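Input: a single structure, listed below in structure tokens.
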Amino acid sequence: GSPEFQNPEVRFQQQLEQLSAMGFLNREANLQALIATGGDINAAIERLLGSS
Amino acid sequence: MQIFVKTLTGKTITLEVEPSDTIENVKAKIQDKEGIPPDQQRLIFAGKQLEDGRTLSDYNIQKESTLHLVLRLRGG
């Protein structure tokens, strides 16, 4: 239906599929990194692995 | 031993390393193959960041492992 992406239970659902496919055990932080970028997964992971 | 190195872009680089190799040592090999300077190279394993001042024995890296090399671009 129409769930909230902010909810850690969802974790974007689709965006998390790419994050986990690139070898990343983090979940919550990834949801934030995805918001900070706005869909830019590569730019997210780059900074995400460094800090937040 | 053999290993697999997939970049954040999705590139799959095949290289050779020893259980006594260092993170920096691997970076040099990758630099030779590709060309990207080690300073712009980042080694991530299962989300865990492999620090340059570490060994393959620190995070217990085995053979046939899949390492993810993130490329932190300084430009835009």
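Those sequence lines, one after another, are chains B and A.
Per PDB author numbering: the first sequence = residues 536 to 587.
Per PDB author numbering: the second sequence = residues 1 to 76.
C-beta: ideal position from N, C-alpha, C; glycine also.
field: Cα-Cα separation between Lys-48(A) and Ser-587(B), rounded to whole angstroms
entry: 14 Å
- prompt: Taking Cβ positions, are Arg-546(B) and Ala-568(B) nearer each other than 8 Å?
  reply: no
Cα-Cα separation, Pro-543(B) to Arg-562(B): 8 Å
message: Between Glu-563(B) and chain A, is the shortest Cβ-Cβ distance under 8 Å, so that the two count as touching?
response: no
- prompt: Ends of the beta strand (DSSP E) at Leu-69(A)?
  reply: 66 to 71
- prompt: How about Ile-13(A) and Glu-64(A): are their beta carbons less than 8 Å apart?
  reply: no
message: Going by DSSP in three states, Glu-539(B) sits in which element: helix, strand or coil?
response: coil
message: Can you tell me whether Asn-565(B) is buried or exposed? The criterion is at least 16 other CB atoms within 10 Å of its CB, across all chains shown.
response: buried
message: Can you tell me whether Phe-540(B) is buried or exposed? The criterion is at least 16 other CB atoms within 10 Å of its CB, across all chains shown.
response: exposed
- request: Could you tell me the distance, in whole angstroms, from the CA atom of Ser-555(B) to the CA atom of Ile-580(B)?
  value: 11 Å
message: By the three-class DSSP mapping on this structure, what secondary structure does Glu-16(A) have?
response: strand
query: Rounded to a whole number of angstroms, what is the C-alpha to C-alpha distance between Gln-31(A) and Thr-9(A)?
result: 16 Å
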